[PDB]
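Enquirer: The structure file start-v2.txt (compact mmCIF, N, CA and C atoms) is provided below.
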```txt
# COMPACT_ATOMS: atom_id res chain seq x y z
N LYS S 7 6.25 -1.09 13.08
CA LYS S 7 7.55 -1.73 13.23
C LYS S 7 8.33 -1.70 11.92
N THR S 8 7.66 -2.02 10.82
CA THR S 8 8.31 -2.15 9.52
C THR S 8 7.55 -1.33 8.48
N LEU S 9 8.29 -0.53 7.71
CA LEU S 9 7.77 0.19 6.57
C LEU S 9 8.36 -0.41 5.30
N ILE S 10 7.50 -0.69 4.32
CA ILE S 10 7.92 -1.31 3.07
C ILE S 10 7.85 -0.28 1.95
N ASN S 11 8.66 -0.49 0.92
CA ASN S 11 8.71 0.42 -0.22
C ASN S 11 7.76 -0.05 -1.32
N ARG S 12 7.69 0.68 -2.43
CA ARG S 12 6.81 0.32 -3.58
C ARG S 12 7.12 -1.08 -4.10
N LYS S 13 8.40 -1.37 -4.28
CA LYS S 13 8.75 -2.67 -4.86
C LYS S 13 8.20 -3.81 -4.01
N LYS S 14 8.45 -3.77 -2.70
CA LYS S 14 7.95 -4.83 -1.82
C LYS S 14 6.43 -4.86 -1.80
N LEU S 15 5.79 -3.69 -1.79
CA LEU S 15 4.33 -3.63 -1.82
C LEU S 15 3.78 -4.29 -3.07
N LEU S 16 4.37 -3.98 -4.23
CA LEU S 16 3.92 -4.60 -5.48
C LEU S 16 4.23 -6.09 -5.52
N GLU S 17 5.26 -6.53 -4.79
CA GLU S 17 5.51 -7.96 -4.68
C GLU S 17 4.45 -8.64 -3.82
N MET S 18 3.92 -7.93 -2.83
CA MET S 18 2.87 -8.48 -1.98
C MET S 18 1.50 -8.45 -2.65
N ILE S 19 1.17 -7.32 -3.26
CA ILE S 19 -0.15 -7.08 -3.84
C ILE S 19 -0.01 -7.10 -5.36
N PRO S 20 -0.67 -8.02 -6.06
CA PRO S 20 -0.61 -8.05 -7.53
C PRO S 20 -1.51 -7.00 -8.17
N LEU S 21 -1.21 -5.73 -7.89
CA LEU S 21 -1.92 -4.59 -8.47
C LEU S 21 -0.91 -3.61 -9.04
N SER S 22 -1.37 -2.79 -9.98
CA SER S 22 -0.51 -1.77 -10.56
C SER S 22 -0.44 -0.55 -9.64
N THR S 23 0.57 0.27 -9.89
CA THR S 23 0.77 1.52 -9.14
C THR S 23 -0.45 2.45 -9.30
N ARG S 24 -1.06 2.47 -10.48
CA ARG S 24 -2.21 3.33 -10.75
C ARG S 24 -3.42 2.89 -9.94
N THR S 25 -3.70 1.58 -9.91
CA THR S 25 -4.84 1.08 -9.16
C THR S 25 -4.67 1.32 -7.67
N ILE S 26 -3.45 1.12 -7.15
CA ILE S 26 -3.20 1.37 -5.74
C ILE S 26 -3.37 2.85 -5.41
N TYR S 27 -2.88 3.73 -6.28
CA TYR S 27 -3.07 5.16 -6.07
C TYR S 27 -4.55 5.52 -6.05
N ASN S 28 -5.31 5.01 -7.02
CA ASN S 28 -6.74 5.29 -7.07
C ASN S 28 -7.46 4.78 -5.83
N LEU S 29 -7.08 3.59 -5.36
CA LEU S 29 -7.67 3.07 -4.13
C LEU S 29 -7.33 3.96 -2.94
N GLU S 30 -6.10 4.47 -2.89
CA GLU S 30 -5.71 5.36 -1.80
C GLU S 30 -6.53 6.64 -1.83
N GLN S 31 -6.72 7.21 -3.02
CA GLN S 31 -7.51 8.44 -3.12
C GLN S 31 -8.97 8.20 -2.76
N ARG S 32 -9.48 6.98 -2.99
CA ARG S 32 -10.83 6.62 -2.58
C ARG S 32 -10.92 6.29 -1.10
N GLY S 33 -9.80 6.24 -0.39
CA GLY S 33 -9.81 5.80 0.99
C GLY S 33 -9.95 4.31 1.16
N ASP S 34 -9.64 3.53 0.13
CA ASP S 34 -9.81 2.08 0.14
C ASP S 34 -8.49 1.33 0.10
N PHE S 35 -7.40 1.98 0.51
CA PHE S 35 -6.09 1.35 0.61
C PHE S 35 -5.28 2.15 1.61
N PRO S 36 -4.44 1.51 2.42
CA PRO S 36 -3.62 2.26 3.38
C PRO S 36 -2.85 3.39 2.70
N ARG S 37 -2.92 4.58 3.30
CA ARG S 37 -2.31 5.75 2.69
C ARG S 37 -0.80 5.69 2.77
N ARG S 38 -0.14 6.03 1.67
CA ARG S 38 1.32 6.06 1.67
C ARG S 38 1.83 7.13 2.63
N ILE S 39 3.04 6.89 3.13
CA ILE S 39 3.68 7.73 4.14
C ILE S 39 4.85 8.42 3.48
N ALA S 40 4.84 9.75 3.51
CA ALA S 40 5.94 10.54 2.96
C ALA S 40 7.06 10.58 4.01
N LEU S 41 8.01 9.65 3.88
CA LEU S 41 9.20 9.70 4.72
C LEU S 41 9.96 11.01 4.49
N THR S 42 10.14 11.38 3.23
CA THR S 42 10.55 12.71 2.82
C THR S 42 9.62 13.16 1.71
N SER S 43 9.92 14.31 1.12
CA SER S 43 9.14 14.75 -0.07
C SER S 43 9.58 13.96 -1.30
N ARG S 44 10.57 13.07 -1.16
CA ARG S 44 11.07 12.28 -2.26
C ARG S 44 10.89 10.78 -2.06
N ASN S 45 10.55 10.39 -0.83
CA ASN S 45 10.53 8.97 -0.45
C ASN S 45 9.22 8.60 0.24
N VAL S 46 8.60 7.52 -0.23
CA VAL S 46 7.29 7.08 0.29
C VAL S 46 7.39 5.62 0.72
N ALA S 47 6.49 5.20 1.59
CA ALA S 47 6.51 3.83 2.13
C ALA S 47 5.14 3.50 2.72
N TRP S 48 4.94 2.23 2.99
CA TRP S 48 3.66 1.77 3.52
C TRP S 48 3.89 0.99 4.81
N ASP S 49 3.01 1.19 5.78
CA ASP S 49 3.06 0.42 7.01
C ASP S 49 2.67 -1.02 6.71
N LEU S 50 3.57 -1.96 6.99
CA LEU S 50 3.32 -3.39 6.69
C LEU S 50 2.04 -3.84 7.39
N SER S 51 1.92 -3.51 8.67
CA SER S 51 0.74 -3.95 9.45
C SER S 51 -0.58 -3.51 8.77
N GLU S 52 -0.66 -2.26 8.31
CA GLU S 52 -1.89 -1.76 7.63
C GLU S 52 -2.12 -2.53 6.31
N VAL S 53 -1.05 -2.83 5.57
CA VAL S 53 -1.23 -3.60 4.34
C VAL S 53 -1.79 -4.98 4.66
N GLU S 54 -1.24 -5.63 5.68
CA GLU S 54 -1.74 -6.95 6.08
C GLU S 54 -3.20 -6.88 6.52
N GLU S 55 -3.52 -5.84 7.29
CA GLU S 55 -4.91 -5.65 7.77
C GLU S 55 -5.83 -5.46 6.56
N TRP S 56 -5.39 -4.70 5.56
CA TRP S 56 -6.18 -4.51 4.35
C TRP S 56 -6.39 -5.83 3.61
N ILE S 57 -5.35 -6.67 3.56
CA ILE S 57 -5.47 -7.98 2.93
C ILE S 57 -6.53 -8.82 3.65
N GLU S 58 -6.47 -8.85 4.98
CA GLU S 58 -7.45 -9.63 5.74
C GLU S 58 -8.86 -9.07 5.57
N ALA S 59 -8.99 -7.75 5.51
CA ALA S 59 -10.31 -7.15 5.31
C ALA S 59 -10.87 -7.52 3.94
N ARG S 60 -10.01 -7.55 2.92
CA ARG S 60 -10.45 -8.02 1.61
C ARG S 60 -10.83 -9.50 1.66
N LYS S 61 -10.11 -10.29 2.46
CA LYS S 61 -10.45 -11.71 2.58
C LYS S 61 -11.74 -11.94 3.34
N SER S 62 -12.18 -10.98 4.16
CA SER S 62 -13.35 -11.16 5.01
C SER S 62 -14.63 -10.59 4.41
N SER S 63 -14.56 -9.91 3.27
CA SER S 63 -15.74 -9.30 2.67
C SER S 63 -16.70 -10.35 2.10
```
For the structure just supplied, provide its representation as structure tokens.
Expert:
Amino acid sequence: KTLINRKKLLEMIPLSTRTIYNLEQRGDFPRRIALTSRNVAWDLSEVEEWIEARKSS
């Protein structure tokens, strides 16, 4: 339903861009979506699900 940008993602998750990228490459963070070859975004629902999964470990 909703795609969020880097700024909103970093406002939600207190992590740096580097750590989030490394987590994505490890398969441990929702993969960014290339809206274009210049624009990226994250599915809000997947970010929330990742937060809950971290809360449940």
Enquirer: For residue 12 (chain S), list every protein, DNA or RNA residue within 6.5 Å, evaluated using all atoms listed in the file, and leave out those in the same chain fewer than 5 positions away; present the list as a ChimeraX atom specification.
Expert: /S:17,46-48
Enquirer: Quick one: distance from atom N of residue 51 (chain S) to atom N of residue 7 (chain S) in Å, one decimal?
Expert: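 Taking atom N of residue 51 (chain S) and atom N of residue 7 (chain S), their separation equals 6.6 Å.
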Enquirer: Apply DSSP to the structure's backbone, then extract all residues of chain S labelled strand (DSSP E or B) and return them as a compact mmCIF listing (two decimals) with N, CA and C atoms, keeping the file's coordinate frame.
Expert:
```
# COMPACT_ATOMS: atom_id res chain seq x y z
N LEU S 9 8.29 -0.53 7.71
CA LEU S 9 7.77 0.19 6.57
C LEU S 9 8.36 -0.41 5.30
N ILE S 10 7.50 -0.69 4.32
CA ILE S 10 7.92 -1.31 3.07
C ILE S 10 7.85 -0.28 1.95
N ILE S 39 3.04 6.89 3.13
CA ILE S 39 3.68 7.73 4.14
C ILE S 39 4.85 8.42 3.48
N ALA S 40 4.84 9.75 3.51
CA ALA S 40 5.94 10.54 2.96
C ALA S 40 7.06 10.58 4.01
N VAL S 46 8.60 7.52 -0.23
CA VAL S 46 7.29 7.08 0.29
C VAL S 46 7.39 5.62 0.72
N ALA S 47 6.49 5.20 1.59
CA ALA S 47 6.51 3.83 2.13
C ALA S 47 5.14 3.50 2.72
N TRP S 48 4.94 2.23 2.99
CA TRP S 48 3.66 1.77 3.52
C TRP S 48 3.89 0.99 4.81
N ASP S 49 3.01 1.19 5.78
CA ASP S 49 3.06 0.42 7.01
C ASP S 49 2.67 -1.02 6.71
```
Enquirer: Would you list the residues near (0.6, 4.9, 2.5) (no more than 9 Å away, in the coordinates of the file, using only C-alpha atoms) as a ChimeraX atom specification?
Expert: /S:30,35-40,46-49,52-53
Enquirer: Once DSSP has gone over the backbone, tell me which residues of chain S are in helix (DSSP H, G or I), as an MDAnalysis selection string.
Expert: chainID S and resid 12:18 23:31 50:62
Enquirer: Since the input is missing atoms, can you rebuild N, CA, C and O atoms for region 41-60 of chain S and write them as a short mmCIF file (atom, residue, chain, number, x, y, z; two decimals), keeping the file's coordinate frame?
Expert:
```cif
data_model
loop_
_atom_site.label_atom_id
_atom_site.label_comp_id
_atom_site.auth_asym_id
_atom_site.auth_seq_id
_atom_site.Cartn_x
_atom_site.Cartn_y
_atom_site.Cartn_z
N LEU S 41 8.01 9.65 3.88
CA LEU S 41 9.20 9.70 4.72
C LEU S 41 9.96 11.01 4.49
O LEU S 41 10.39 11.67 5.45
N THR S 42 10.14 11.38 3.23
CA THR S 42 10.55 12.71 2.82
C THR S 42 9.62 13.16 1.71
O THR S 42 8.67 12.45 1.36
N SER S 43 9.92 14.31 1.12
CA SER S 43 9.14 14.75 -0.07
C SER S 43 9.58 13.96 -1.30
O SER S 43 9.03 14.22 -2.35
N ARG S 44 10.57 13.07 -1.16
CA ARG S 44 11.07 12.28 -2.26
C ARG S 44 10.89 10.78 -2.06
O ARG S 44 11.08 10.02 -3.02
N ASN S 45 10.55 10.39 -0.83
CA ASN S 45 10.53 8.97 -0.45
C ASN S 45 9.22 8.60 0.24
O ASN S 45 8.84 9.27 1.20
N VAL S 46 8.60 7.52 -0.23
CA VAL S 46 7.29 7.08 0.29
C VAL S 46 7.39 5.62 0.72
O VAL S 46 8.32 4.93 0.27
N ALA S 47 6.49 5.20 1.59
CA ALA S 47 6.51 3.83 2.13
C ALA S 47 5.14 3.50 2.72
O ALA S 47 4.34 4.42 2.92
N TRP S 48 4.94 2.23 2.99
CA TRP S 48 3.66 1.77 3.52
C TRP S 48 3.89 0.99 4.81
O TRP S 48 4.86 0.23 4.92
N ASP S 49 3.01 1.19 5.78
CA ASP S 49 3.06 0.42 7.01
C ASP S 49 2.67 -1.02 6.71
O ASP S 49 1.58 -1.28 6.19
N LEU S 50 3.57 -1.96 6.99
CA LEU S 50 3.32 -3.39 6.69
C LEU S 50 2.04 -3.84 7.39
O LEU S 50 1.23 -4.49 6.75
N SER S 51 1.92 -3.51 8.67
CA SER S 51 0.74 -3.95 9.45
C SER S 51 -0.58 -3.51 8.77
O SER S 51 -1.46 -4.34 8.66
N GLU S 52 -0.66 -2.26 8.31
CA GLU S 52 -1.89 -1.76 7.63
C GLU S 52 -2.12 -2.53 6.31
O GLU S 52 -3.25 -2.86 6.05
N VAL S 53 -1.05 -2.83 5.57
CA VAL S 53 -1.23 -3.60 4.34
C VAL S 53 -1.79 -4.98 4.66
O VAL S 53 -2.72 -5.46 4.00
N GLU S 54 -1.24 -5.63 5.68
CA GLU S 54 -1.74 -6.95 6.08
C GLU S 54 -3.20 -6.88 6.52
O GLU S 54 -4.01 -7.74 6.15
N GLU S 55 -3.52 -5.84 7.29
CA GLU S 55 -4.91 -5.65 7.77
C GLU S 55 -5.83 -5.46 6.56
O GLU S 55 -6.91 -6.04 6.56
N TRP S 56 -5.39 -4.70 5.56
CA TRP S 56 -6.18 -4.51 4.35
C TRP S 56 -6.39 -5.83 3.61
O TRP S 56 -7.48 -6.10 3.10
N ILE S 57 -5.35 -6.67 3.56
CA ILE S 57 -5.47 -7.98 2.93
C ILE S 57 -6.53 -8.82 3.65
O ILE S 57 -7.39 -9.43 3.01
N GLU S 58 -6.47 -8.85 4.98
CA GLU S 58 -7.45 -9.63 5.74
C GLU S 58 -8.86 -9.07 5.57
O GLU S 58 -9.83 -9.84 5.51
N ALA S 59 -8.99 -7.75 5.51
CA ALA S 59 -10.31 -7.15 5.31
C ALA S 59 -10.87 -7.52 3.94
O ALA S 59 -12.07 -7.78 3.81
N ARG S 60 -10.01 -7.55 2.92
CA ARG S 60 -10.45 -8.02 1.61
C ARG S 60 -10.83 -9.50 1.66
O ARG S 60 -11.77 -9.92 0.98
#
```
